[PDB]
């Protein structure tokens, strides 16, 4: 037997960092969960009980805190690239670092119409994420994402003209509820190393903001022929607005809300044009995925 692939490291490392502006007194908080996995010439720790090649996962944890102390933690694309590069430069036998970061929302509170200097609220479990793969001699690959964005529209969604056969019971519809949790990922062109990532720093926050805005606007405005059709329009627009993105991937549950026929009770009318009360279904759900790239 042989080791075909191996990676190890520390997961679920929670980090908080505060920045204090001494002039204005304003404070800003960042909170993240970080995972770092390493690869390299480490096979002998598996096959010969040779621990000499192991950077302890506890040390990886220490390194994350030290790196956060000495560097900016925003945008997460930059922080992940700094953290990944550290491991491949510091340790000769480590040739790849894989860094995943989940950023948690701490939104500044407005108290009496003005921004508070040091109080924050978690407005929603929506996350901003990055995956950074730093590979010795192959540069830095970054995938940025948003997830956990839950939306619903109560009309302007249709679904008709699908294949009908002996397995089909679904009725065609020209008016339904559409609800989903959005997971969108944009993959950056490969960067040669940290200098190049630093040169593009302003594009990271701007493109996150654009991806979010395009997603919400298109969802709200499209008279949707299907989830497939609406999600394609989203990805098309993101690719048009940022030339440094190579692909956009969407993964969307279709969370079903079923009509409830109440006619058995005093002829009560609650279907089709008369539908007012629906039953949200926890499961099953549709799952629709697409990866869109350039011609």
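Positions refer to the first chain, counted from 1.
**Student:** Averaged over C-alpha atoms, is the B-factor higher for 214 to 222 or for 177 to 185 in this PDB entry?
**Tutor:** Mean CA B-factor is higher for 214 to 222.
**Student:** Can you let me know which of the two, 112 to 120 or 159 to 167, has the higher average C-alpha B-factor in the entry?
**Tutor:** Result of the comparison: 112 to 120.
**Student:** Can you tell me which of 263, 228, 57, 63 has the highest Cα temperature factor in the record?
**Tutor:** Of the options given, 263 has the highest CA B-factor in the PDB entry.
**Student:** Among 252, 268, 36, 32, single out the one with the highest C-alpha B factor in the record, please.
**Tutor:** Among 252, 268, 36, 32, the highest C-alpha B-factor in the entry belongs to 268.
**Student:** Pull the Cα B-factor of residue 80 out of the PDB entry and bin it into the chain's lowest, middle or highest third.
**Tutor:** Answer is lowest: the recorded C-alpha B-factor places it there.
**Student:** Per the entry's values, where does residue 196 land by CA temperature factor relative to the rest of its chain, in the lowest, middle or highest third?
**Tutor:** According to the entry, residue 196 has a C-alpha B-factor in the chain's middle third.
**Student:** Compared with the other modelled residues in the chain, in which third is the CA B-factor of residue 21?
**Tutor:** Its C-alpha B-factor belongs to the highest third of this chain's values.
**Student:** Relative to the other modelled residues of the same chain, rank the CA B-factor of residue 2 and answer lowest, middle or highest third.
**Tutor:** According to the entry, residue 2 has a C-alpha B-factor in the chain's highest third.
**Student:** How does residue 92 rank on Cα B-factor within its chain, lowest, middle or highest third?
**Tutor:** Its C-alpha B-factor, which the entry lists for residue 92, ranks in the highest third among residues of this chain.
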